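K.L.:
Just so it is clear, I am handing over model_34.tsv, which has TSV, C-alpha atoms.
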chain	number	residue	atom	x	y	z
A	1	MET	CA	170.75	55.93	135.36
A	2	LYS	CA	173.11	58.97	135.06
A	3	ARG	CA	172.06	62.68	134.80
A	4	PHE	CA	169.49	65.43	134.08
A	5	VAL	CA	169.93	68.61	131.98
A	6	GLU	CA	169.01	72.03	133.39
A	7	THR	CA	169.91	75.10	131.32
A	8	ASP	CA	168.74	78.73	131.29
A	9	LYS	CA	169.16	78.69	127.46
A	10	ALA	CA	165.93	76.64	127.08
A	11	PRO	CA	162.60	77.21	128.91
A	12	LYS	CA	162.56	76.07	132.53
A	13	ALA	CA	160.92	72.70	133.12
A	14	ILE	CA	158.39	74.02	135.68
A	15	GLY	CA	156.47	70.85	136.58
A	16	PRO	CA	157.46	67.25	137.47
A	17	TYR	CA	159.77	66.78	134.43
A	18	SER	CA	163.26	67.71	133.15
A	19	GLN	CA	164.32	69.40	129.89
A	20	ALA	CA	166.27	66.22	129.12
A	21	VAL	CA	167.68	63.09	130.77
A	22	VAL	CA	171.09	61.67	129.88
A	23	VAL	CA	171.66	57.95	130.52
A	24	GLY	CA	174.98	56.51	129.33
A	25	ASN	CA	175.60	57.80	125.80
A	26	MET	CA	171.87	58.57	125.20
A	27	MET	CA	169.81	61.75	125.72
A	28	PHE	CA	165.99	61.95	125.81
A	29	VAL	CA	164.84	65.55	125.19
A	30	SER	CA	161.41	66.84	126.29
A	31	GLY	CA	159.01	68.27	123.69
A	32	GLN	CA	159.97	71.90	123.08
A	33	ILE	CA	157.39	74.60	122.34
A	34	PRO	CA	157.94	78.14	120.92
A	35	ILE	CA	158.71	79.81	124.27
A	36	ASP	CA	161.50	82.33	124.77
A	37	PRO	CA	163.81	81.07	127.62
A	38	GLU	CA	164.47	84.60	129.01
A	39	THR	CA	161.02	86.28	128.86
A	40	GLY	CA	158.95	83.08	129.23
A	41	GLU	CA	156.52	84.27	126.53
A	42	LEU	CA	155.15	82.53	123.48
A	43	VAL	CA	156.67	83.54	120.17
A	44	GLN	CA	153.81	85.11	118.20
A	45	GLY	CA	154.43	85.48	114.43
A	46	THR	CA	155.10	83.12	111.50
A	47	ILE	CA	155.41	79.33	111.75
A	48	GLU	CA	159.07	79.65	110.65
A	49	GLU	CA	159.74	81.93	113.67
A	50	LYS	CA	157.97	79.46	115.99
A	51	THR	CA	159.91	76.47	114.54
A	52	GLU	CA	163.15	78.44	114.92
A	53	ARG	CA	162.46	78.95	118.64
A	54	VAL	CA	161.53	75.27	119.16
A	55	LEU	CA	164.72	74.09	117.41
A	56	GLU	CA	166.82	76.69	119.27
A	57	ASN	CA	165.41	75.37	122.55
A	58	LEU	CA	166.16	71.78	121.44
A	59	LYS	CA	169.71	72.75	120.39
A	60	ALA	CA	170.43	74.53	123.69
A	61	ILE	CA	169.34	71.42	125.67
A	62	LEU	CA	171.48	69.08	123.57
A	63	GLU	CA	174.50	71.38	123.96
A	64	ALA	CA	173.94	71.85	127.73
A	65	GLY	CA	174.35	68.06	128.24
A	66	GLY	CA	177.38	67.66	125.94
A	67	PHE	CA	175.33	66.56	122.90
A	68	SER	CA	174.88	68.23	119.48
A	69	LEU	CA	172.40	68.13	116.59
A	70	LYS	CA	174.64	65.55	114.85
A	71	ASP	CA	173.94	63.16	117.77
A	72	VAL	CA	170.14	63.32	117.21
A	73	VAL	CA	168.81	59.97	115.87
A	74	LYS	CA	165.04	60.32	116.14
A	75	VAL	CA	162.77	63.37	116.13
A	76	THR	CA	158.98	63.64	116.49
A	77	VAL	CA	157.23	66.81	115.29
A	78	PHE	CA	153.74	67.53	116.64
A	79	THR	CA	151.61	70.27	115.04
A	80	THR	CA	147.98	71.44	114.99
A	81	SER	CA	147.89	71.42	111.17
A	82	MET	CA	149.68	69.70	108.28
A	83	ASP	CA	149.45	73.01	106.33
A	84	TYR	CA	152.69	73.90	108.18
A	85	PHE	CA	154.66	70.88	106.81
A	86	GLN	CA	156.53	72.63	103.96
A	87	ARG	CA	157.52	75.71	106.01
A	88	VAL	CA	158.44	73.70	109.13
A	89	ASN	CA	160.66	71.45	106.97
A	90	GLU	CA	162.30	74.57	105.49
A	91	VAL	CA	163.48	75.77	108.93
A	92	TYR	CA	164.10	72.16	110.12
A	93	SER	CA	166.52	71.57	107.20
A	94	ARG	CA	168.73	74.43	108.43
A	95	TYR	CA	169.35	72.41	111.65
A	96	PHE	CA	169.22	68.75	110.35
A	97	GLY	CA	169.77	68.98	106.54
A	98	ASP	CA	173.24	67.42	106.76
A	99	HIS	CA	172.59	65.04	109.67
A	100	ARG	CA	169.14	63.68	108.68
A	101	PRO	CA	167.76	61.83	111.73
A	102	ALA	CA	164.75	59.50	111.64
A	103	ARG	CA	161.45	61.38	111.97
A	104	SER	CA	157.65	61.30	112.39
A	105	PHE	CA	155.55	64.38	111.67
A	106	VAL	CA	151.94	64.22	112.97
A	107	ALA	CA	149.14	66.75	113.56
A	108	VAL	CA	147.42	66.47	116.95
A	109	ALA	CA	144.29	68.22	118.28
A	110	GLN	CA	145.93	70.57	120.81
A	111	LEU	CA	149.37	71.37	122.30
A	112	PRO	CA	150.53	72.96	125.61
A	113	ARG	CA	149.77	76.72	125.93
A	114	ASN	CA	147.71	76.28	122.69
A	115	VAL	CA	150.90	76.33	120.55
A	116	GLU	CA	151.05	75.04	116.94
A	117	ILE	CA	154.44	73.29	116.95
A	118	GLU	CA	156.22	71.00	119.43
A	119	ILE	CA	159.33	68.89	118.81
A	120	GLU	CA	160.91	66.18	120.99
A	121	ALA	CA	163.96	64.08	120.19
A	122	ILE	CA	166.25	61.21	121.19
A	123	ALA	CA	170.00	61.58	120.68
A	124	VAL	CA	172.89	59.10	120.91
A	125	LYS	CA	176.61	59.89	120.68
A	126	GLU	CA	180.06	58.17	120.73
A	127	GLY	CA	180.74	54.85	118.92
B	1	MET	CA	176.70	57.56	115.92
B	2	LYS	CA	176.87	54.90	113.12
B	3	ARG	CA	174.66	54.75	109.95
B	4	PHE	CA	171.52	55.69	107.97
B	5	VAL	CA	169.20	53.40	105.94
B	6	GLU	CA	168.31	54.22	102.33
B	7	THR	CA	166.35	51.62	100.36
B	8	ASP	CA	164.24	51.71	97.17
B	9	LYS	CA	161.93	49.08	98.80
B	10	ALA	CA	160.38	51.77	101.06
B	11	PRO	CA	159.29	55.31	100.02
B	12	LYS	CA	162.13	57.77	99.54
B	13	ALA	CA	162.73	60.12	102.46
B	14	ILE	CA	162.36	63.31	100.38
B	15	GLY	CA	162.91	66.02	103.01
B	16	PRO	CA	165.48	66.57	105.82
B	17	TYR	CA	165.07	63.07	107.35
B	18	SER	CA	166.08	59.42	106.77
B	19	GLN	CA	163.93	56.27	106.54
B	20	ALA	CA	165.82	55.00	109.59
B	21	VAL	CA	168.99	55.59	111.61
B	22	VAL	CA	171.08	52.74	113.02
B	23	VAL	CA	173.25	53.50	116.06
B	24	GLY	CA	175.09	50.54	117.61
B	25	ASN	CA	172.62	47.65	117.88
B	26	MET	CA	169.56	49.99	117.73
B	27	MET	CA	167.42	51.20	114.79
B	28	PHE	CA	164.98	54.14	114.86
B	29	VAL	CA	162.49	53.87	111.96
B	30	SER	CA	160.58	56.88	110.59
B	31	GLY	CA	156.77	56.84	110.57
B	32	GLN	CA	155.62	54.95	107.48
B	33	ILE	CA	152.48	55.90	105.54
B	34	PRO	CA	150.57	53.86	102.90
B	35	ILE	CA	152.71	54.93	99.92
B	36	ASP	CA	153.89	52.54	97.22
B	37	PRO	CA	157.75	52.77	96.98
B	38	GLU	CA	157.81	52.34	93.16
B	39	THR	CA	154.90	54.53	91.97
B	40	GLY	CA	155.01	57.03	94.87
B	41	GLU	CA	151.19	57.01	95.10
B	42	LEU	CA	148.90	56.60	98.06
B	43	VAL	CA	147.25	53.21	98.44
B	44	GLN	CA	143.52	53.88	98.06
B	45	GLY	CA	141.23	51.05	99.26
B	46	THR	CA	140.55	49.27	102.58
B	47	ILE	CA	142.31	50.00	105.87
B	48	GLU	CA	143.77	46.46	105.77
B	49	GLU	CA	145.40	47.28	102.39
B	50	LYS	CA	146.76	50.57	103.78
B	51	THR	CA	148.12	48.86	106.94
B	52	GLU	CA	149.71	46.17	104.76
B	53	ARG	CA	151.60	48.84	102.79
B	54	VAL	CA	152.72	50.66	105.96
B	55	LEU	CA	154.00	47.41	107.52
B	56	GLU	CA	155.64	46.36	104.23
B	57	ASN	CA	157.45	49.71	104.15
B	58	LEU	CA	158.50	49.25	107.80
B	59	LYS	CA	159.69	45.68	107.09
B	60	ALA	CA	161.73	46.74	104.04
B	61	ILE	CA	163.52	49.44	106.10
B	62	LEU	CA	164.33	47.03	108.94
B	63	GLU	CA	165.67	44.45	106.46
B	64	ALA	CA	167.69	47.06	104.50
B	65	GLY	CA	169.70	47.87	107.68
B	66	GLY	CA	170.22	44.24	108.78
B	67	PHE	CA	167.26	44.21	111.21
B	68	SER	CA	164.04	42.14	111.17
B	69	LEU	CA	160.53	42.31	112.66
B	70	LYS	CA	161.74	40.10	115.56
B	71	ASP	CA	164.15	42.93	116.54
B	72	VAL	CA	161.29	45.46	116.93
B	73	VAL	CA	160.78	46.40	120.62
B	74	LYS	CA	158.43	49.38	120.47
B	75	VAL	CA	155.85	50.45	117.90
B	76	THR	CA	153.57	53.52	117.79
B	77	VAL	CA	150.48	53.45	115.57
B	78	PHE	CA	148.91	56.79	114.62
B	79	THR	CA	145.46	56.87	112.97
B	80	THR	CA	142.68	59.36	112.22
B	81	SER	CA	140.04	57.13	113.85
B	82	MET	CA	139.86	54.38	116.48
B	83	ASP	CA	137.18	52.67	114.33
B	84	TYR	CA	140.16	51.10	112.49
B	85	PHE	CA	141.61	49.42	115.65
B	86	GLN	CA	140.22	45.89	115.13
B	87	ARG	CA	141.09	45.70	111.40
B	88	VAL	CA	144.54	47.31	111.84
B	89	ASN	CA	145.32	44.79	114.61
B	90	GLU	CA	144.21	41.96	112.29
B	91	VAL	CA	146.85	42.88	109.67
B	92	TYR	CA	149.39	43.91	112.38
B	93	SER	CA	149.17	40.41	113.96
B	94	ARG	CA	150.35	38.85	110.68
B	95	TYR	CA	153.68	40.75	111.11
B	96	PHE	CA	154.06	40.85	114.97
B	97	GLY	CA	151.75	38.08	116.33
B	98	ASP	CA	154.68	35.89	117.38
B	99	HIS	CA	157.12	38.65	118.36
B	100	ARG	CA	154.74	41.00	120.27
B	101	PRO	CA	156.62	44.30	120.76
B	102	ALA	CA	155.50	47.06	123.13
B	103	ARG	CA	152.92	49.38	121.55
B	104	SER	CA	150.82	52.57	121.74
B	105	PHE	CA	147.85	53.08	119.41
B	106	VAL	CA	146.50	56.67	119.28
B	107	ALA	CA	144.18	58.62	116.97
B	108	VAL	CA	145.49	62.06	115.93
B	109	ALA	CA	143.74	64.88	114.02
B	110	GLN	CA	145.64	64.64	110.71
B	111	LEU	CA	148.53	62.73	109.10
B	112	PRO	CA	150.93	63.49	106.18
B	113	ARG	CA	149.28	63.46	102.70
B	114	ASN	CA	145.94	63.18	104.62
B	115	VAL	CA	146.50	59.42	105.23
B	116	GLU	CA	144.63	57.42	107.91
B	117	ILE	CA	147.44	55.19	109.22
B	118	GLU	CA	151.09	55.83	110.11
B	119	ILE	CA	153.43	53.51	112.05
B	120	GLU	CA	156.91	54.21	113.46
B	121	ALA	CA	159.09	51.84	115.46
B	122	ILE	CA	162.29	51.31	117.46
B	123	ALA	CA	164.20	48.04	117.05
B	124	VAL	CA	167.11	46.50	118.97
B	125	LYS	CA	169.03	43.33	118.07
B	126	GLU	CA	171.89	41.09	119.34
B	127	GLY	CA	172.33	40.20	123.05
C	1	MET	CA	166.73	40.90	122.18
C	2	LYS	CA	165.92	39.65	125.74
C	3	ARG	CA	162.42	39.46	127.38
C	4	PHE	CA	158.73	40.47	127.60
C	5	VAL	CA	156.73	41.52	130.70
C	6	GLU	CA	153.41	39.85	131.55
C	7	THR	CA	151.79	40.72	134.89
C	8	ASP	CA	148.26	40.39	136.30
C	9	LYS	CA	148.86	43.72	138.17
C	10	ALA	CA	148.40	45.69	134.91
C	11	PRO	CA	145.70	45.14	132.23
C	12	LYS	CA	146.28	42.13	129.99
C	13	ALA	CA	147.77	42.93	126.59
C	14	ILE	CA	144.95	41.27	124.61
C	15	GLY	CA	146.08	41.85	121.01
C	16	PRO	CA	149.42	41.45	119.13
C	17	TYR	CA	151.48	43.45	121.69
C	18	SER	CA	153.08	43.12	125.15
C	19	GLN	CA	152.72	45.31	128.26
C	20	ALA	CA	156.45	45.97	127.98
C	21	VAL	CA	159.63	44.64	126.36
C	22	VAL	CA	162.96	44.50	128.18
C	23	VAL	CA	166.12	44.50	126.05
C	24	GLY	CA	169.44	44.67	127.93
C	25	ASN	CA	169.11	47.35	130.62
C	26	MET	CA	166.19	49.11	128.80
C	27	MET	CA	162.39	48.70	129.11
C	28	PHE	CA	159.81	49.99	126.61
C	29	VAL	CA	156.36	50.20	128.26
C	30	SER	CA	153.10	50.19	126.27
C	31	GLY	CA	150.67	53.11	126.60
C	32	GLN	CA	148.54	52.53	129.69
C	33	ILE	CA	144.89	53.57	129.89
C	34	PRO	CA	142.63	53.88	132.99
C	35	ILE	CA	141.59	50.21	133.12
C	36	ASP	CA	141.40	48.18	136.32
C	37	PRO	CA	143.61	45.03	135.92
C	38	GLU	CA	141.21	42.77	137.91
C	39	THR	CA	137.75	43.81	136.66
C	40	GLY	CA	138.85	44.93	133.17
C	41	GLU	CA	136.59	48.01	133.38
C	42	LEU	CA	137.29	51.65	132.68
C	43	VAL	CA	137.74	53.86	135.71
C	44	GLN	CA	134.86	56.36	135.56
C	45	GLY	CA	135.26	59.45	137.78
C	46	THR	CA	137.73	62.37	138.04
C	47	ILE	CA	140.81	62.84	135.86
C	48	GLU	CA	142.97	62.42	138.99
C	49	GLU	CA	141.43	58.96	139.56
C	50	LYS	CA	142.02	58.04	135.89
C	51	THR	CA	145.65	59.28	136.00
C	52	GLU	CA	146.18	57.32	139.23
C	53	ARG	CA	145.06	54.10	137.50
C	54	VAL	CA	147.26	54.77	134.43
C	55	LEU	CA	150.33	55.43	136.62
C	56	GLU	CA	149.53	52.41	138.83
C	57	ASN	CA	149.39	50.25	135.70
C	58	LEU	CA	152.71	51.75	134.50
C	59	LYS	CA	154.30	51.18	137.93
C	60	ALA	CA	153.14	47.55	138.10
C	61	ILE	CA	154.68	46.84	134.65
C	62	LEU	CA	158.01	48.45	135.57
C	63	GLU	CA	158.13	46.48	138.85
C	64	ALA	CA	157.13	43.18	137.16
C	65	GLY	CA	160.26	43.39	134.94
C	66	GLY	CA	162.67	44.43	137.71
C	67	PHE	CA	162.44	48.18	136.94
C	68	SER	CA	161.13	51.07	139.08
C	69	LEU	CA	159.85	54.63	138.56
C	70	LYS	CA	163.39	55.93	139.25
C	71	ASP	CA	164.55	54.06	136.10
C	72	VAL	CA	162.05	55.94	133.86
C	73	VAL	CA	163.89	58.36	131.51
C	74	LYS	CA	161.19	59.43	129.05
C	75	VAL	CA	157.40	59.63	129.36
C	76	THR	CA	154.75	60.64	126.81
C	77	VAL	CA	151.30	61.68	128.04
C	78	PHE	CA	148.42	61.60	125.55
C	79	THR	CA	145.08	63.23	126.43
C	80	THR	CA	141.88	64.36	124.70
C	81	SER	CA	142.13	67.86	126.24
C	82	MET	CA	144.82	70.18	127.63
C	83	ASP	CA	142.28	71.31	130.29
C	84	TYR	CA	143.52	68.25	132.25
C	85	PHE	CA	147.20	69.42	132.33
C	86	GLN	CA	147.26	70.93	135.85
C	87	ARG	CA	145.36	68.04	137.52
C	88	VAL	CA	147.26	65.31	135.62
C	89	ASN	CA	150.56	66.93	136.67
C	90	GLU	CA	149.33	66.99	140.29
C	91	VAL	CA	148.90	63.19	140.36
C	92	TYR	CA	151.97	62.66	138.10
C	93	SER	CA	154.19	64.54	140.61
C	94	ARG	CA	153.30	61.99	143.31
C	95	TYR	CA	155.01	59.29	141.16
C	96	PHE	CA	157.83	61.30	139.41
C	97	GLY	CA	158.29	64.50	141.52
C	98	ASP	CA	161.68	63.36	142.83
C	99	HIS	CA	162.88	61.48	139.73
C	100	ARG	CA	161.79	63.94	136.99
C	101	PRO	CA	162.10	62.09	133.66
C	102	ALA	CA	161.97	63.79	130.25
C	103	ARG	CA	158.41	64.30	129.02
C	104	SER	CA	156.02	65.35	126.21
C	105	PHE	CA	152.37	66.10	126.96
C	106	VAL	CA	150.09	66.29	123.87
C	107	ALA	CA	146.33	66.25	123.26
C	108	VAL	CA	145.19	63.87	120.49
C	109	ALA	CA	141.75	63.45	118.88
C	110	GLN	CA	140.80	60.05	120.34
C	111	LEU	CA	142.26	57.26	122.53
C	112	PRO	CA	141.53	53.50	122.88
C	113	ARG	CA	138.14	52.67	124.50
C	114	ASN	CA	137.41	56.46	124.20
C	115	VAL	CA	139.56	57.21	127.30
C	116	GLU	CA	140.93	60.69	128.13
C	117	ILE	CA	144.42	59.81	129.37
C	118	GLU	CA	147.12	57.41	128.14
C	119	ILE	CA	150.77	57.28	129.24
C	120	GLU	CA	153.69	55.31	127.75
C	121	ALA	CA	157.31	55.36	128.88
C	122	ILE	CA	160.89	54.23	128.28
C	123	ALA	CA	163.04	53.23	131.26
C	124	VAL	CA	166.76	52.49	131.62
C	125	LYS	CA	168.54	51.16	134.71
C	126	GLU	CA	172.05	50.21	135.99
C	127	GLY	CA	175.17	52.31	135.20
Show me, as structure tokens, the structure contained in the file I just sent.
P.N.:
Amino acid sequence: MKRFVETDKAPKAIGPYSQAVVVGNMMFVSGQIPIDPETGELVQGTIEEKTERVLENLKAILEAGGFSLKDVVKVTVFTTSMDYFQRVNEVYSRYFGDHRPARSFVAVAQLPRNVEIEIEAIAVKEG
Amino acid sequence: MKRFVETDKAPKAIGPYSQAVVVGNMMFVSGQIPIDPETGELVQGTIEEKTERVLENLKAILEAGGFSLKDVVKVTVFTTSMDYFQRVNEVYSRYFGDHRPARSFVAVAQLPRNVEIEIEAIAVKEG
Amino acid sequence: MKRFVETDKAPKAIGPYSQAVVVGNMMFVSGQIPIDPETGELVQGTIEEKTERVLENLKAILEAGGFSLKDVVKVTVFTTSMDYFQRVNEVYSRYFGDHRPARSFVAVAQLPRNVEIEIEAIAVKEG
């Protein structure tokens, strides 16, 4: 294997896991929740604001390991309700509208800290 | 990175995502739901008929990018109920009975368009 | 592609899937549930005991294909309740506290055999 990503620009991986793991030209990013990296608190407001935070956390992790949003190949969005699909996609498009990685969008029963949105991703670069 | 897959033989990726993304010898396919690629409507009938459509969509995407079902290494089945396990496996075996990729089968709270079955996959070819 | 993993030290993959699939230097492990590989029965007791069984099954599969826990890059934990987070992490740390792979921890509606914990993983080795 090769290296782990630790950045203060995304929430600290408190437990037995890392924000991301880089092996060769591939990065595996941990599921990001709407937590502010500096205050450690949950963003409380609209689903667009929560999705913005999640994608900002994801972006910071990619960039901390030498990756970018253009390197992302597969994304998985977890939510507590499909009612958020349209609005989540609206914010999502502002990050991946040009790039367009593969994706699955599913609604689970419950997320960490009782959040409503969580997004993980796999990225690959070079060629 | 390398290339994206767009085919009329699987449902059109409407939003900010692609049906699949091919990077090197790897393909990351988006979660497929029981939608007919030509009419755009949800298959309404038995769970075998819905699983058939999902796997046909998956197969079309693989084949549109130069991949096949034999290249599939990991699959993830999402459902709304585990009651469908036996019957989903029955149809699934007709596509991957010989090949036998790694798999996770989980039941979530809700899926896009309120469907009951969704299947994503990762494929790798060559050697 | 390259090879499949079959070991009596993890529960037998009964249906149309394999315990894991090794392609090149990568392994894709199937979601493991708290089943005893020898008796085929569900571990019934505390969530720590169930997590131990799941991680023991995962470990056996990795080791049967020439991989180890240090090779694991991405893990996905599925549960029926987030109430188990702290205790699952406690047992999880005893397997991946040093290594620290990327991770997502989500709570779904239902799991196979009505279990409360299921863990899948991707591993990569060499360099």
K.L.:
For a quick check: superposing chain B on chain C using all C-alpha atoms in order, what RMSD comes out?
P.N.:
0.0 Å
K.L.:
Give as a VMD selection string the set of residues within 12 Å of the point (158.5, 83.9, 119.0), where distances use the file's coordinates and all atoms listed in the file.
P.N.:
chain A and resid 33 to 57 115 to 117
K.L.:
Keeping only C-alpha atoms, write the selected residues to a file as a CSV table (one decimal), in the coordinates of the input.
P.N.:
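Written file, selection34.csv:
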chain,number,residue,atom,x,y,z
A,33,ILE,CA,157.4,74.6,122.3
A,34,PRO,CA,157.9,78.1,120.9
A,35,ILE,CA,158.7,79.8,124.3
A,36,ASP,CA,161.5,82.3,124.8
A,37,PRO,CA,163.8,81.1,127.6
A,38,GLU,CA,164.5,84.6,129.0
A,39,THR,CA,161.0,86.3,128.9
A,40,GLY,CA,159.0,83.1,129.2
A,41,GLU,CA,156.5,84.3,126.5
A,42,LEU,CA,155.2,82.5,123.5
A,43,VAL,CA,156.7,83.5,120.2
A,44,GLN,CA,153.8,85.1,118.2
A,45,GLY,CA,154.4,85.5,114.4
A,46,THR,CA,155.1,83.1,111.5
A,47,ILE,CA,155.4,79.3,111.8
A,48,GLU,CA,159.1,79.6,110.6
A,49,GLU,CA,159.7,81.9,113.7
A,50,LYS,CA,158.0,79.5,116.0
A,51,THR,CA,159.9,76.5,114.5
A,52,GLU,CA,163.2,78.4,114.9
A,53,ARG,CA,162.5,79.0,118.6
A,54,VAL,CA,161.5,75.3,119.2
A,55,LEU,CA,164.7,74.1,117.4
A,56,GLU,CA,166.8,76.7,119.3
A,57,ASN,CA,165.4,75.4,122.6
A,115,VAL,CA,150.9,76.3,120.6
A,116,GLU,CA,151.0,75.0,116.9
A,117,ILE,CA,154.4,73.3,117.0
K.L.:
Which residues of chain C come within 10 Å of chain B, and what is each one's closest atom pair and distance in Å (one decimal), counting only C-alpha atoms, sorted by chain and residue number, as JSON lines?
P.N.:
{"residue": "C:1", "atom": "CA", "partner": "B:125", "partner_atom": "CA", "distance": 5.3}
{"residue": "C:2", "atom": "CA", "partner": "B:127", "partner_atom": "CA", "distance": 7.0}
{"residue": "C:3", "atom": "CA", "partner": "B:73", "partner_atom": "CA", "distance": 9.8}
{"residue": "C:4", "atom": "CA", "partner": "B:101", "partner_atom": "CA", "distance": 8.1}
{"residue": "C:5", "atom": "CA", "partner": "B:102", "partner_atom": "CA", "distance": 9.5}
{"residue": "C:13", "atom": "CA", "partner": "B:102", "partner_atom": "CA", "distance": 9.4}
{"residue": "C:15", "atom": "CA", "partner": "B:89", "partner_atom": "CA", "distance": 7.1}
{"residue": "C:16", "atom": "CA", "partner": "B:97", "partner_atom": "CA", "distance": 5.0}
{"residue": "C:17", "atom": "CA", "partner": "B:100", "partner_atom": "CA", "distance": 4.3}
{"residue": "C:18", "atom": "CA", "partner": "B:102", "partner_atom": "CA", "distance": 5.0}
{"residue": "C:19", "atom": "CA", "partner": "B:102", "partner_atom": "CA", "distance": 6.1}
{"residue": "C:20", "atom": "CA", "partner": "B:102", "partner_atom": "CA", "distance": 5.1}
{"residue": "C:21", "atom": "CA", "partner": "B:102", "partner_atom": "CA", "distance": 5.8}
{"residue": "C:22", "atom": "CA", "partner": "B:73", "partner_atom": "CA", "distance": 8.1}
{"residue": "C:23", "atom": "CA", "partner": "B:124", "partner_atom": "CA", "distance": 7.4}
{"residue": "C:24", "atom": "CA", "partner": "B:127", "partner_atom": "CA", "distance": 7.2}
{"residue": "C:27", "atom": "CA", "partner": "B:73", "partner_atom": "CA", "distance": 8.9}
{"residue": "C:28", "atom": "CA", "partner": "B:102", "partner_atom": "CA", "distance": 6.3}
{"residue": "C:29", "atom": "CA", "partner": "B:102", "partner_atom": "CA", "distance": 6.1}
{"residue": "C:30", "atom": "CA", "partner": "B:103", "partner_atom": "CA", "distance": 4.8}
{"residue": "C:31", "atom": "CA", "partner": "B:104", "partner_atom": "CA", "distance": 4.9}
{"residue": "C:32", "atom": "CA", "partner": "B:104", "partner_atom": "CA", "distance": 8.3}
{"residue": "C:78", "atom": "CA", "partner": "B:106", "partner_atom": "CA", "distance": 8.2}
{"residue": "C:79", "atom": "CA", "partner": "B:106", "partner_atom": "CA", "distance": 9.8}
{"residue": "C:80", "atom": "CA", "partner": "B:108", "partner_atom": "CA", "distance": 9.8}
{"residue": "C:107", "atom": "CA", "partner": "B:108", "partner_atom": "CA", "distance": 8.5}
{"residue": "C:108", "atom": "CA", "partner": "B:108", "partner_atom": "CA", "distance": 4.9}
{"residue": "C:109", "atom": "CA", "partner": "B:108", "partner_atom": "CA", "distance": 5.0}
{"residue": "C:110", "atom": "CA", "partner": "B:107", "partner_atom": "CA", "distance": 5.0}
{"residue": "C:111", "atom": "CA", "partner": "B:106", "partner_atom": "CA", "distance": 5.4}
{"residue": "C:112", "atom": "CA", "partner": "B:82", "partner_atom": "CA", "distance": 6.7}
{"residue": "C:113", "atom": "CA", "partner": "B:82", "partner_atom": "CA", "distance": 8.4}
{"residue": "C:114", "atom": "CA", "partner": "B:82", "partner_atom": "CA", "distance": 8.4}
{"residue": "C:118", "atom": "CA", "partner": "B:104", "partner_atom": "CA", "distance": 8.8}
{"residue": "C:119", "atom": "CA", "partner": "B:104", "partner_atom": "CA", "distance": 8.9}
{"residue": "C:120", "atom": "CA", "partner": "B:104", "partner_atom": "CA", "distance": 7.2}
{"residue": "C:122", "atom": "CA", "partner": "B:74", "partner_atom": "CA", "distance": 9.5}
K.L.:
One decimal, Å: what's the distance from CA of residue 77 (chain A) over to CA of residue 121 (chain B), could you say?
P.N.:
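Here the two named atoms are 15.1 Å from each other.
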K.L.:
To one decimal place in Å, what is the distance between CA of residue 60 (chain B) and CA of residue 12 (chain B)?
P.N.:
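Here the two named atoms are 11.9 Å from each other.
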K.L.:
Distance CA of residue 26 (chain B)-CA of residue 10 (chain A), one decimal place?
P.N.:
28.5 Å
